[PDB]
Each structure stands twice: as C-alpha cells, then as structure tokens.
Amino acid sequence: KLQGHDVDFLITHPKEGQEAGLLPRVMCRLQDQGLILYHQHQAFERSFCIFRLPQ
DNA sequence: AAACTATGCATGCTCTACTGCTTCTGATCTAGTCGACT
Ligand SMILES: Nc1ncnc2c1ncn2[C@H]1C[C@H](O)[C@@H](COP(=O)(O)NP(=O)(O)OP(=O)(O)O)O1
Ligand SMILES: [Mg+2]
Ligand SMILES: [Mg+2]
C-alpha cells in the first residue's frame, strides 16, 4: 500500500530466551528521545503510540 | 466537772495517666462487564 493510517512493526531476536523485555526498554529509549505523544500504558509485549516525527 | 476546740483518721469521690483486650474502620488485591485497540 502507498497509504495508510499507521505503521505496524514487529521486533524479534534470533535467540530464543533473549526476547524477554525488549519492548519496555525501546519504549523508554524513545520517550527519552522526545517523540512519543501518547503511550498505551502512559511486562508487556504490545503497544500503540503517537510518534512526533520531524516535518 | 463540763463545754468548746484541736488533731487525726478513715472512706468515698474525682481525675489523669497507664496498660492490655476487643471491635470497627481504611488501605490494598481480583472478577465481571463494557469499552478501546491491533
Ligand atoms: N480485527 C482484527 N483481527 C485480526 N487481525 C487484525 C485485526 N485488526 C488488525 N489486524 C491485524 C491485521 C492487520 O493487517 C494488522 C495491522 O493492523 P491495522 O494497522 O489496524 N490495519 P492495516 O495495517 O491492515 O491498515 P492500515 O495500513 O491503514 O493501517 O493487524
Ligand atoms: Mg496498519
Ligand atoms: Mg496498526
């Protein structure tokens, strides 16, 4: 599709047991970036947000 | 010798603290129902 309403991403790791708590860490890092306007929650394995992309 | 006064004591009353037991109340964890989303 050349258009849409959101960007859907999936995060995975080649190892088995490593994928334990990636999403909270990435979420916190992005929040520290200063791009998240809304967060679903503000252990989890899913979250939809509203990024602030530069324009 | 008799009348008045003095001390002395006891017991019930009141208050304030103190400790320990019992009951009531406020803070903290989950089932169900409705709704949101991918
Ligand atoms: N009710 C549902 N049931 C099963 N899978 C679903 C679903 N709703 C979404 N998915 C799954 C399948 C969907 O492909 C995937 C993406 O969800 P979106 O971002 O909400 N819808 P899309 O990306 O297709 O349209 P756009 O490009 O405009 O955003 O999530
Ligand atoms: Mg989508
Ligand atoms: Mg989506």
Side-chain angles (χ1 to χ4, degrees):
Chain A
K1 280 182 79 172
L2 319 176
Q3 272 193 9
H5 283 198
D6 73 10
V7 194
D8 300 315
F9 282 119
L10 194 152
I11 304 121
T12 185
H13 207 253
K15 191 51 195 74
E16 216 256 356
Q18 183 65 260
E19 171 256 356
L22 260 279
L23 196 53
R25 277 188 280 293
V26 183
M27 261 315 318
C28 184
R29 177 38 180 86
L30 264 168
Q31 213 174 269
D32 302 338
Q33 213 305 313
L35 310 165
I36 289 278
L37 303 201
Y38 191 103
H39 187 201
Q40 175 165 358
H41 320 306
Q42 278 98 359
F44 53 60
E45 292 181 16
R46 164 180 310 83
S47 97
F48 45 84
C49 319
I50 298 170
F51 282 39
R52 180 182 278 176
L53 201 73
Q55 160 184 290

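Every chain is numbered from 1, with letters handed out A, B, ... down the list of sequences. Side chains included, hydrogens not; waters and symmetry mates left out as well; all remaining heavy atoms used.
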Q. Could you state the interatomic distance from CZ (A:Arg25) to CG (A:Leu30), rounded to the nearest 0.5 Å?
A. 14.0 Å

Q: Please say whether more than 12 non-hydrogen atoms of neighbouring residues, nucleotides or ligands are located less than 6.0 Å from CD in A:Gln40.
A: yes

Q) How many angstroms lie between atom CE of A:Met27 and atom NE2 of A:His41, to the nearest 0.5 angstrom? A) 8.5 Å

Q: Could you run through DNA chain B and flag its stems, i.e. three or more consecutive Watson-Crick or G-U pairs with both distances under 3.5 Å?
A: none

**Q.** For A:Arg52 against A:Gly34, the heavy-atom pair lying closest together
**A.** CD-O, 4.5 Å

Q: Kindly indicate whether the side chain of A:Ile36, heavy atoms from C-beta on, has any atom under 4.5 Å from the side chain of A:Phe51.
A: yes

Q: Kindly compute the distance separating CZ (A:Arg46) from CG (A:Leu10), expressed to the nearest 0.5 Å.
A: 10.0 Å

Q. Other than A:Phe44, which residues form its hydrophobic cluster under the rule that side-chain heavy atoms must be closer than 4.5 Å?
A. A:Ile11, A:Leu23

Q: Based on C1'-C2'-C3'-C4', put the sugar of B:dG35 on the north side (positive) or the south side (negative).
A: north

Table of protein N/O atoms under 3.5 Å from nucleotides 35-38 of chain B N/O atoms:
from: B:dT38; atom 1: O3'; to: A:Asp8; atom 2: OD1; distance (Å): 3.2

